[PDB]
Amino acid sequence: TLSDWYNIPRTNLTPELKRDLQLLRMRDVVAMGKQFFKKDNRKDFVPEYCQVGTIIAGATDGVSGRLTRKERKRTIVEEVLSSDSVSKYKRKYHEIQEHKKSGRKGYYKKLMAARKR
Amino acid sequence: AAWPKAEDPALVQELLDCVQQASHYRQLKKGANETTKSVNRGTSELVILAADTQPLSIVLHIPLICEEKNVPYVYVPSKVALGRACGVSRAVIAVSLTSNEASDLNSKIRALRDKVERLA
Amino acid sequence: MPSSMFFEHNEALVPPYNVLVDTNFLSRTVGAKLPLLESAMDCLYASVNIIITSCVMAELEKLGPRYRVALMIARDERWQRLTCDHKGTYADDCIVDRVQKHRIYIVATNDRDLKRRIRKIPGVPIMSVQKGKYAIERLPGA
Amino acid sequence: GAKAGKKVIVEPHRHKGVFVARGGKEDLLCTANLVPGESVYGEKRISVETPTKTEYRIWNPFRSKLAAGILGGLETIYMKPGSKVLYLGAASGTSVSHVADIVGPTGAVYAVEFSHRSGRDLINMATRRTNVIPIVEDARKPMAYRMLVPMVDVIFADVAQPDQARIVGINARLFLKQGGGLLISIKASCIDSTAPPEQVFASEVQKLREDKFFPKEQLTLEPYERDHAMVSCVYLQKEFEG
Amino acid sequence: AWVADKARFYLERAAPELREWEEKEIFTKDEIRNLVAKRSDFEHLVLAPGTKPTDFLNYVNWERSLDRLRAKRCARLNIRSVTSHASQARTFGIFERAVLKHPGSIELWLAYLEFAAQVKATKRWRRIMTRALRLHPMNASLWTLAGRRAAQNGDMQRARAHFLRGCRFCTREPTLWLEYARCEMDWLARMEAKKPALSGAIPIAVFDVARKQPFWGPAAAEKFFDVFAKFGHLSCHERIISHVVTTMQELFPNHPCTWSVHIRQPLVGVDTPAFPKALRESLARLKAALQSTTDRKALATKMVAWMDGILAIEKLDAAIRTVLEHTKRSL
RNA sequence: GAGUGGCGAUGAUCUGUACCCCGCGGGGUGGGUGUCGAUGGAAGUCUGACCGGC
RNA sequence: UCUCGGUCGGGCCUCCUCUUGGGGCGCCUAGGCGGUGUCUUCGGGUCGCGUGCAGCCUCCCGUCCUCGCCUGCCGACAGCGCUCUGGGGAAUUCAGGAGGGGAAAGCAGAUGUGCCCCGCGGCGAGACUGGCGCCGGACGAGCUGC
Ligand SMILES: [Zn+2]
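Protein chains in written order, with the entry's author numbering: chain k, 86 to 202; chain W, 7 to 126; chain P, 40 to 181; chain R, 64 to 114, 123 to 313; chain E, 2 to 196, 272 to 347, 350 to 409.
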């Protein structure tokens, strides 16, 4: 616990918190080009002191600036999975997989069958 | 409560004239509520009120948020003169006037709140 | 990146122009017999305030009484005595420190050393003296 | 964007007592709530328990020049838990509440304001928090509250005055320590409206410098404000704490 | 800490009297070993950083009892021309260093005034006195002690200087007003005892001016009657008592303090046919007063305190003694 | 010849709580709600023969 | 006991006696393995709709097929960096360095006390005077410092 940062405890590193930290170094891929971020390329993304909180309330925004009962979800990764563009994630993923199966081994196996046939 | 009271020897006249020119450049938020929105949103470059308000408490609230946003405010003694200074056909009780990047109007706002800073 | 720059154009320098004066320039204008405020005024067509750092008056005073005329014209009480606080009393590093910080000033110099030193940092004017008048390098006005 | 109820973790910032709350699509600078459960002016804030208690008011660079400097990339802010800060031009006590959240329970904020109405909201906030003192006086008369303010570590200066360097000059000549912190917000349109803002900023720096401060850095607050500078300097020494 | 250096000055400053005590036959050599080592331990304790007024008074008590030990041992060995003034000068040094380090310590200030009074250092006592009053001006103990010792020395003008400045400062408690009526009427007791003094309107001015003060209350006015109620052998004590009772029965006329002085008022100038006469006069005022509509519980407690407040006197009618016991039972 | 009644910056108007079935009226599910329920569901109630002293 | 000249010595000074055909620990990486996720292909299982034909249809399991991702371990060659009485961890002994916090943290001239006479001076009531509404002289009861 930091003594001059008002006792933020050390990171109780769980696999869900580690998923959330991965998502926070990877938020540029999440907002798929609609929003770009401060490029933060440090090697160890897990900090020394963290504390998982929630936004409570602004006293001027309660109509549109407030999550609902079916959206106050449990992790940041569950929020990203709850949001849209998940089929957009899968679409870009199969562009990438279709480019990484380019000429690798099913290609040369098709060539061997084409010659031997 | 009108301690930044503008003087009728032509400082009021330059205030209302710059109100009219900002009204012709569409830089003008009229009325107390829209003035309050411009100050709270921080678009405001200068703000005039009217001390001829019949209860002046209904415009006493914006000097608070103008002190918070650090924008100059000053009172002219007639809401009717402010009202047809805007060109409204009703009485405008408190007006706010914003600016942009490049205008001679923005220069006139600059010299005008220089005079308001000579008051306050 | 400093305020009021648009791709190596300082819009922050506008009349009344500020001008840091160097010992090179005070020596070569008292040598060229060319009065300082009227010929900077005449080469910029605009009201200037000339500023003379204590490194510059320090170096002119370190130069001996051969240059007592250049010192007595350098201590014109019209002018802004810009007091510096650093140990060296070395004018070229004081000027490039100051111009590098604020990037408002016009630097009146003649030496290839310092002129070549502040051609490297963008948006600063260099005022020289070509034997009958002054010259301005990179102020895109007059 | 930063909707109420989104999960957002909090890590410390580089400064002492300043926190940064990283969420999925955004990040939010925030301080630690000194009086928990209460927002001052109606702002979003963050609650978290140790692994009820921990609370973090979200701090706005549009309503605070000091948050505009911390998001503006300031080297030091001179204020830490335990400091004594002399706040100048304290309208309604909003940024005074964030400074009071930085210096915490053992610190002390000495809020000065001229206006009586912002005096009243300042007495509301300063009745809620016990490290801030309310002083409703003229900042041009420091001998009015010379019985109220001891030698402070930091002076924060946000006044919209043409004689800003003189006001902060005499306030530092009465109340600021040997080698003191000073952090001034400057409005070039407020000092000299017909001059270019870099020249107004450099001239105010020179007036502090012949007022015997020592400028460490200058940054302009310009994704969040226009023609505003934040000058960080140190009184009578080159290095801060002495 | 340079405590060994500054302590080395005070020890080497103490050395030639130890020389003279070794060369006179008064102390012996191992006694001086114990003496030098204990002087040293005190000097390092005293010049040490974290010190206390207890520590300064420990070394004052020990150094001064050393001076008395050398005095009695000197009287044993019939020595003369050995003197005490390095001990007294040294003790003034311990005190000056004491009230220089802990000046907000009235144990130190009153003890230093006690030493300066016991060594017959009067002018120095007044200088210490003024320094003590300047650092503790809200202390009725010090203002009272200055005024009283000034009065017993005999300079009543300087006494009134210390007192009137005292009544200027100590104005929360009535205490110093009580001691200035007590000392000014002590002076009028001296003046009428030696026989301005014939009128004596000064404590009446203390009374009527004392009306306008933040302490001015009925119980405190009863303490004024407890002050003025002594020295009944005077010229105008009936006039002063009568002004006190009259003014309280003009300003607070519904209080058991005013009824209590309405009881005890004829018993001022007494100490004997008038004693049962004014005692039964106080029974007429008593029976007239206990029935009065006022704070009857407070008058009952005051008169239990007063009937108990007579009992140590002798030569009284036992019927009166028993019937006042039954009146305490009845109330 | 006299006395009353009369919009708007001291805030007019406009996009926007949904769709659908009918003659300003009525109906099928909304979504967010705020309650008390409920029997209903997630949802099932650890291991079982040694260990300590000497 | 005043100096001078000379000489394969030394003190003194200089630059070599270090920078390795070397080792250790890392970085990088072809790749391997572990955890794990899709895509193709076929076979089953299933919520539901429709005509309960034809089918449609959300979900689940396996196979085929490969590609992929882990602050994951291992990692050859080539290359690079740090270091070498090899490299780590703990216990303690010793030698230093930096920073915080606390502390009246205060030896600028260190002469016992009291009275009286002198000397120098300070407050100070009260009193006169010169010159131009002021400034100045020069008297002084008393009290006090040194
Ligand atoms: Zn310089």
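Using N, Cα and C, we set each Cβ at its ideal position, and we do this for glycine too.
Check, Outcome
"C-beta neighbour in chain R for residue 5 of chain W, strict 8 Å", "Absent from the structure is residue 5 of chain W, since the part of chain W shown begins at 7 and ends at 126."
"For R:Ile226 and R:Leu137, believed in contact at Cβ under 8 Å, the rounded distance", "With a Cβ gap of about 12 Å, R:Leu137 and R:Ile226 do not count as contacting."
"P:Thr92 beta carbon near ligand 1 (any heavy atom closer than 7 Å)", "yes"
"Contacts that R:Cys261 makes with chain W (C-beta to C-beta distance below 7 Å)", "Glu123"
"Beta-carbon proximity list for W:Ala97, same chain, < 7 Å, skipping 5 on both sides", "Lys85, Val86, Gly89"
"Amino acids of chain R, ordered along the chain, whose beta-carbon sits closer than 7 Å to that of k:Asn97", "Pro114"
"Length at least 4, wholly inside the stretch 200-229 of chain R: the alpha helix (DSSP H) runs in chain order", "none"
"Where k:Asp129 meets chain R, residues with beta-carbon distance less than 8 Å", "Within chain R, no residue comes near k:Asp129; the closest Cβ sits about 13 Å away, beyond 8 Å."
"contact_flag[the stretch 289-308 of chain R, the stretch 252-270 of chain R] where n(CB pairs < 8 Å) is 3 or more", "yes"
"Residue(s) in a DSSP beta bridge with R:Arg128", "R:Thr94, R:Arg108"
"Rounded separation between P:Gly162 and R:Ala243 - CA only", "36 Å"
"Residues bridged to R:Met196 (per DSSP)", "DSSP lists no partner for R:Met196."
"Where the alpha helix (DSSP H) through E:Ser318 begins and ends", "313-327"
"E:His45 - DSSP class collapsed to helix/strand/coil", "helix"
"Contacting residues, own chain, Cβ-Cβ under 8 Å from E:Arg74 (five flanking each side not counted)", "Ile27, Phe28"
"CA-to-CA distance, k:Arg95 to R:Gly64, given in whole angstroms", "28 Å"
"C-alpha gap between E:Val303 and E:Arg65, whole angstroms", "38 Å"
"Span separating the alpha-carbon of P:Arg67 from that of P:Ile89", "16 Å"
"Residues of the stretch 269-288 of chain R with Cβ closer than 7 Å to any Cβ of chain P, in chain order", "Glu269, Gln270, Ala273, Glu281"
"For k:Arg151, three-class secondary structure by DSSP", "strand"
"7 Å CB neighbourhood of E:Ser370 in its chain, flanking five on each side removed", "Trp335"
"Bounding residues of the alpha helix (DSSP H) (the contiguous stretch that carries W:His30)", "17-30"
"Distance CB(E:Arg173)-CB(E:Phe291) smaller than 8 Å", "yes"
"Pairwise C-alpha distance: R:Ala179 and R:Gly153", "8 Å"
"Proximal chain R residues relative to W:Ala117, where beta-carbon distance stays under 8 Å", "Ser264, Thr265"
"Sheet register partners of R:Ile255 (DSSP bridge)", "R:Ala228, R:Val302"
"Residue-level contact to chain P via CB, R:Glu296, 8 Å cutoff", "no"
"Nearest candidate by alpha-carbon position, reference P:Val53, set P:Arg155, P:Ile145, P:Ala113, P:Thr62", "P:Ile145"
"Buried or exposed by the 16-neighbour rule on C-beta atoms within 10 Å, applied to R:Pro205", "buried"
"Any chain P beta carbon closer than 8 Å to R:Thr201", "no"
"Through-space distance from E:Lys288 to E:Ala397, alpha-carbon basis", "45 Å"
"Within the stretch 54-93 of chain P, ranges of the beta strand (DSSP E) (whole runs, at least 3 residues)", "56-60, 87-92"
"Whole runs of the alpha helix (DSSP H) within the stretch 352-380 of chain E, excluding any shorter than 4 residues", "352-368"
"Contact list for R:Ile109 against chain k, beta-carbon separation under 8 Å", "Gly138, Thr139, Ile140, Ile141"
"Neighbour flag for k:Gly150 against chain R, beta carbons, 8 Å", "yes"
"Which residues DSSP lists as bridging residue 116 of chain R, in chain order", "The model of chain R omits the segment between 114 and 123, and residue 116 of chain R is among the residues lacking coordinates."
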